[PDB]
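Understanding the architecture of this molecule
One-letter residues, chain by chain:
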Amino acid sequence: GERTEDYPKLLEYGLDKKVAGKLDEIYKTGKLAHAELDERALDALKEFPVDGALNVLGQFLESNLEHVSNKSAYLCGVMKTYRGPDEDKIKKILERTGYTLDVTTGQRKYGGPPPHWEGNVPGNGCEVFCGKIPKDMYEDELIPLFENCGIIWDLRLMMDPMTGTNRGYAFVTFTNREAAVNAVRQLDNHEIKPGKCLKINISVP
Amino acid sequence: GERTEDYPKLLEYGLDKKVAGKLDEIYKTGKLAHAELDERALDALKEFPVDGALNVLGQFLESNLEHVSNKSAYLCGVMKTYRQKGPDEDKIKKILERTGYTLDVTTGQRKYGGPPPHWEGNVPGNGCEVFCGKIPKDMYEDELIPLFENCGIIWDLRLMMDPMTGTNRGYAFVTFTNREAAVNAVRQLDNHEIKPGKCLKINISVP
């Protein structure tokens, strides 16, 4: 295909030809729209060393952007840093619970709130910390694990915007305190992977 | 031992002394309070022959009254049945604790959730419900709930009961929070051998 209508706009703005061509490729993919890239974001991109900019746009184009409700703010997140899971397991999980999945540069959030949730959030009394998570793991394996403890209100897997893997920990909020305590009691020191034991702590002792 | 302060109140109401005696004995056990039974239930009891009234009270005494919110309606249910056992409570306690769901027991039904805690908006409805048949008559929701929990999120579960026997009628309805879960339950659990030689019959409520 030919260049998009916004290609010469990028060039006029003073972007390096190579950087402008890469961003335009992103435009034609549909990952991003030119109408949602502010002059601030373009300036930041312009301030990048050329091969730096190419890598950032390269990482953006070659990343799983499914369930990313804000592609623009995501790219900006990638830029600040430089400055996925089994899709069919995920699909089946989201279908059967109806829960939202939202991915940002530093987090993959499952639910929070669940569909049709009434009243206040459970809070931190119903929340547990889950540390020492194997970096290769995602919520497709974490969610079924914690579902046995009770009803997940949310699950937030913290992500490394650079490495692409998780930061090795997550928070899980259940709909009540007893489920949280249940998770601590039964899943602390759980060998989720050969040689890899999780660390589960109640957020509010 | 001595009789409760509600014993003479029963006698004043015109209850046969023998019937009032047995009812007051039920009061003592804590399974029932005089405040719980309303006049409609007592009148129905008074119309009963003494031999009949005594056995209605006997069946009530022997009933699993755990999680029965409406004792009056339960007593009336036994009476209407006459003119014609339970879950592992440690399992139930754990389930109810981790989910926070209500459990309500009537003479003809054991109901889990419906609605769940903190449910806002539209009920899932019949489109998200499955029929579960050929349930072994000795099975209760302590075993049925963990089975259907793997399929999706249970909005409610209604195990139908035989007021005559106190065992189930061999079928239940399960409503999930969406239809994908319901369809999932049908696909994965139809003909599920829940006990050796006993396979469940799961049908979507709305084909």
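Bringing the overall build of chain B into the picture now. Regarding its fold elements, chain B presents eight helices and eight strands. Summarising its shape, the C-alpha atoms of chain B cover approximately 60 × 40 × 30 Å along the three principal directions.

The subject of this paragraph is the environment of A:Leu157. Residue and element names in this part refer to chain A. With respect to the helices and strands, the residue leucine 157 is situated in strand β4 (residues 152-159). In the structure, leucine 157 is positioned 59 residues away from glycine 98 in sequence and 19 Å away in space, judged by C-alpha atoms. Once residues lying within four places of it in the same chain are set aside, the contact partners of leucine 157 are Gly106, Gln107, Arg108, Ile133, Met137, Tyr138, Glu139, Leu142, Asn166, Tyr169 and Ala170.

With that out of the way, let us pick up the environment of B:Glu89. All names here are of chain B. Of note, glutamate 89 is situated in helix α6 (residues 89-99). Taking C-alpha positions, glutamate 89 is 21 Å from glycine 170, a pair spaced 81 residues apart along the chain. Setting aside chain neighbours within four positions, we find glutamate 89 in contact with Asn64, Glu66 and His67. Here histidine 67 takes part through its side chain, which lies 3.4 Å from a polar atom of the side chain of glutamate 89.

Moving on, we get to the nonpolar core. Residues A:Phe146, A:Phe174, B:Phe148 and B:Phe176 are the most contacted members of the largest nonpolar core, which totals 63 residues. A:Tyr7, A:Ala20, A:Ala41 and A:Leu54 belong to the second largest nonpolar core, which has 26 residues in total.

All names here are of chain A. Contact pair helix α4 (residues 50-61) / helix α5 (residues 71-82): the axes reach a minimum separation of 10 Å and the direction vectors enclose 135°. The angle between α4 and α5 places the two elements in the oblique class. Handedness of the crossing formed by α4 with α5: right-handed. Contacts between α4 and α5 involve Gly52, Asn55, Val56, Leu57 and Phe60 from the former and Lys71, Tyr74, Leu75, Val78, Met79 and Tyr82 from the latter.

What follows is about the interface of chain B and chain A. Listed per partner, the contact involves 21 residues of chain B and 17 residues of chain A. Where the side of chain B that touches chain A is concerned, the elements lending two or more residues are α6 and α8 (179-189) of chain B. Looking at the side of chain B that touches chain A element by element, the count peaks at five residues for α8(B). Taken together, the residues of the side of chain B that touches chain A break down into six nonpolar, ten polar and five charged.

This brings us to the sheet that holds strand β5 (residues 168-176) of chain B. Residue and element names in this part refer to chain B. Strands sit in the order β1-β2-β4-β5-β3-β8 across an open sheet of six strands; the sheet is antiparallel. Two strands close off the open sheet at either side, each with one partner strand: β1 (103-105) and β8 (201-204). Geometrically, the sheet is characterised by an average inter-axis angle of 15° between neighbouring strands, direction not taken into account. Both strand β3 (residues 129-133) and β8 contribute to a ladder of four bridges, which runs antiparallel. Following the sheet pairing, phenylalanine 131 is matched in β8 by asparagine 203. Each of β3, β5 and β8 is contacted by α8, which is oriented at about 150° to β8, the strand it contacts most.

Turning to the pattern of salt bridges, a few remarks are in order. Across all of its chains, the model carries 13 salt bridges over all chains by this definition. Where B:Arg158 meets B:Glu129, a salt bridge forms, and the shortest distance between an N and an O atom there is 2.6 Å. Pair noted here: B:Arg158 is in strand β4 (residues 154-161) and B:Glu129 is in strand β3, with a separation of 29 residues, a long-range link. Just as B:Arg158 is buried, B:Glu129 falls in that class too. Among the ionic pairs, B:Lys201 bridges to B:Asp190, the shortest N-O distance being 3.7 Å. One end of the pair, B:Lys201, is in strand β8; the other, B:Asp190, is in the loop between α8 and β6 (193-195), with eleven residues separating them in the sequence. B:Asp190 sits in the partly exposed class, given a relative accessible area of 24%. Sharing partners across several salt bridges, the network here consists of A:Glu127, A:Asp154 and A:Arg156.

Many analyses report the size of an interface as the accessible area lost when the parts associate. Residue and element names in this part refer to chain A. The domains assigned to chain A are domain 1 (1-83) and domain 2 (84-205). Centre-to-centre separation of domain 1 and domain 2, based on C-alpha positions: 31 Å. Along the lines of polarity and charge, the residues of the side of domain 1 that touches domain 2 split into three nonpolar, four polar and one charged.

What counts and how
Residues numbered from 1 in each chain as written, not as in the entry; some residues may be left out. Chains lettered and ligands numbered in written order. Heavy atoms only, no water. Residues with missing side-chain atoms left out of burial classes, pairs and counts. Helix = DSSP H or I, 4+ residues; strand = E, 2+ residues; numbered from the N terminus. Contact = heavy atoms within 4.5 Å. Polar contact = N/O pair within 3.5 Å; in protein donor to acceptor, adjacent residues only side chain to side chain. Core = buried A, V, L, I, M, F, W, Y, C linked by side-chain atoms within 4.5 Å. Buried < 20%, exposed > 50% of the residue type's maximum accessible area, 1.4 Å probe, protein only. Axes fitted to C-alpha atoms, helices over the stretch in contact; angles between N-to-C directions. Parallel < 35°, antiparallel > 145°, perpendicular 65-115°, else oblique. Left-handed = near helix turned anticlockwise from the far one by under 90°. Nonpolar A, V, L, I, M, F, W, Y, C, P; charged D, E, K, R; others polar. Pairing = 2+ DSSP bridges. Salt bridge = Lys/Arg side-chain N within 4 Å of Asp/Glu carboxyl O. Domains from an automatic or database assignment.

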